[PDB]
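What follows is a short report on a single structure.
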Amino acid sequence: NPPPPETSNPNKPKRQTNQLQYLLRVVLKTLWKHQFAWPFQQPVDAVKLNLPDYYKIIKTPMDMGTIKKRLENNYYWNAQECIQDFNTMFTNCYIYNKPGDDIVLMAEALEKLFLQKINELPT
Ligand SMILES: COc1ccc2c(c1)C=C1c3c(ccc(OC)c3O2)C(=O)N1C
């Protein structure tokens, strides 16, 4: 396994915004409880899951456990930065797999719920 994505970085500028607060309290914590959330709650363990090709294909890994810790650590500058991490997580799934796979059906449903929840954010 590669090292997991960082969740802290002292020289990176931090910020707390209403939208980032909402992304943790509402968006992530709601997605987390979905029946299809479990494959996305932690970095992919290529050794445990027997996916030796995973990090040969996926060069910008991301998962909701990392995102949750980044939100809790006020790692992001703005909501768009966190939204980009969700989008990276979803697109990684589509890239590593192919249409119709169970894991892709799961990501497709989670992506639709995610878009529903970020359609309107606080001001
Ligand atoms: C307990 O956490 C788990 C357990 C098994 C899981 C995953 C995470 C997450 C996966 C995953 C993918 C592809 C194949 C796969 O299994 C063949 C798979 O399995 C994939 O793209 N992601 C994100």
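When a residue number appears, it is its place in the shown sequence, counting from 1. Quick note: numbers below take in every heavy atom, side chains included, and nothing from hydrogens, waters or symmetry partners. Remember, it's 1-based here, ligands and their atoms both numbered in the order they're listed.
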In ligand 1, which numbered atoms sit nearer than 4.0 Å to a non-hydrogen atom of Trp38? 3 (C), 4 (C), 5 (C)
N/O donor to acceptor pairs below 3.5 angstrom from side-chain atoms of residues 97-123, sequence neighbours left out:
residue, atom, partner, partner atom, Å
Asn97, ND2, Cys93, O, 2.8
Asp101, OD2, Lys98, N, 3.3
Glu111, OE1, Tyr94, OH, 2.6

Cation-pi, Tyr75 ring and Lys12 (6.0 angstrom, 45 degrees): yes
Atom 9 (C) of ligand 1: of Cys93, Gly65, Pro43, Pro39, the nearest heavy atom sits on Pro39
Give the residue, atom name and distance (to 0.1 Å) of the protein heavy atom nearest atom 6 (C) of ligand 1. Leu49 CD1, 3.6 Å
Just jot down the side-chain contact (heavy atoms from CB on, under 4.5 Å) partners of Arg15, sequence neighbours excluded, or say none. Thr17, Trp77, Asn78
Looking at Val44, is its backbone amide N or carbonyl O close enough to the side chain of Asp63 to form a donor-acceptor pair, meaning the two atoms are under 3.5 Å apart? no
May I ask which of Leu51, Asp101, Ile57 has a heavy atom nearer to atom 18 (C) of ligand 1 than the others do? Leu51
Where is the nearest protein heavy atom to atom 22 (N) of ligand 1: which residue, which atom, and how far? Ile103 CG1, 3.8 Å
For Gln42, is at least one N or O under 3.5 Å away from an N or O on ligand 1? yes
Any side-chain to backbone donor/acceptor pair from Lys33 onto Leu31? Under 3.5 Å, distance only. no
If you scan protein heavy atoms around atom 14 (C) of ligand 1, the nearest is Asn97 OD1, 3.9 Å
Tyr96 neighbourhood, listing ligand 1 atoms whose heavy-atom distance to it stays under 4.0 Å: 13 (C), 21 (O)
Does any N or O in the side chain of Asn1 come within less than 3.5 Å of the main-chain N or O of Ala46, such that one atom is a donor and the other an acceptor? yes
